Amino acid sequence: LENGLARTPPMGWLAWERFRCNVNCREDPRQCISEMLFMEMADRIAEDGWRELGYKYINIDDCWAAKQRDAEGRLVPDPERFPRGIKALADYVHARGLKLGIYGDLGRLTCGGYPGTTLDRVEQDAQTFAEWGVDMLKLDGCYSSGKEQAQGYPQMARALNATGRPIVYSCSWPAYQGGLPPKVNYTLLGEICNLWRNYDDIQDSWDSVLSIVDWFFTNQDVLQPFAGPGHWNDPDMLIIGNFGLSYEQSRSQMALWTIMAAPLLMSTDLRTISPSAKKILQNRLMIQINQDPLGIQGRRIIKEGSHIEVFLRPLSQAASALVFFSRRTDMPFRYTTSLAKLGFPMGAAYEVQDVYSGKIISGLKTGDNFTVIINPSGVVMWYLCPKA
């Protein structure tokens, strides 16, 4: 989508995976979906170093609105959970130099049972969001037919533009259509959306992450070519800092999402996040690679019988990123190979930096053998710069 936005994958926080549709603010004041949740996450992003790293979006997902539109047919937030309205929430977020994202559903109802954005409501809702000061909109696709979606998604892109307010547009259209051609036309998506959820919702477990990793890389031929500045593939939220991932697994999701040029939308409680989880999510070099200006999504290039997978992502400044991933469940594994074997130019030399450890290799020749030790369900990630 050529609206000057999302020239790099969106970075921020999104409520859904961690907080879901919790409306029990009486017993879960901090974990329930309310204006307070977003204001506090905004303070967290603004105060704990996240903002400086690039994390700027504070996104509201499903279950924020009243169970019905007002009499005028407009969407309104839940009165008890959002007593100051959305515009006020936006100002608050804006005052911190952050941006506010909201959620809607092209259809009769949101997946959670809240007011849906039917075709006759698209222009009005887009208008309502802009007036509130919204900066990003995720448009879900429950309760709408393929025909209605084919009309509605492009229609909402036009409506958003008409408001004159630049709004990042996240589309779930592909996921509802199976995520693959011919049913999905990624060329069209690139023209109308800034990013799109291609596949299943991420759940809080390592198997969920693996399921997403495997679907995207198995189908990379029909997905990788359509990602770029202004239009990204979205494998869903980062679940680092939550309940299901071990330390190694958390490092793995961050690394693989970076290879995929995926949005870095955290869905975790920033008020209780652990130091190790924070350290992973705040890795500057990792973020630099994810945010690379060229926006060329990487690919899996090797699947060893040793249960080791290798990924490569081409970058700006003639650089590259490599991820060595172990799916073994026995012990740290010694993977030995050479850049030449991985496909790099002959007779060259590279300065290599281990993204997580910081260790550097001054001048690795492409013909030289090297060994990396990868832990179970973990990765070793390299940033490579050619010497001249």
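Residues carry their position along the shown sequence, with the first being 1.
Mean CA temperature factor is higher for 69-77 when stretches 69-77 and 183-191 are set side by side in the entry. Mean CA temperature factor is higher for 23-31 when stretches 23-31 and 336-344 are set side by side in the entry.
In this structure the maximum Cα B-factor among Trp206, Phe217, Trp196, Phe82 is found at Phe82.
Across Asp269, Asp140, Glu304, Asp201, the entry's maximum B-factor at the CA atom is seen for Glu304.
Sort the modelled residues of the chain by CA B factor and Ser362 lands in the highest third. Ranked by Cα temperature factor within the chain, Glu248 sits in the lowest third according to the deposited record. In the PDB entry, a CA B factor belonging to the lowest third of its chain's modelled residues is recorded for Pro263. Per the PDB record, residue ranking by Cα B-factor puts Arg158 in the highest third of the chain. In the deposited entry, the Cα temperature factor of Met39 places it in the highest third of its chain's modelled residues.
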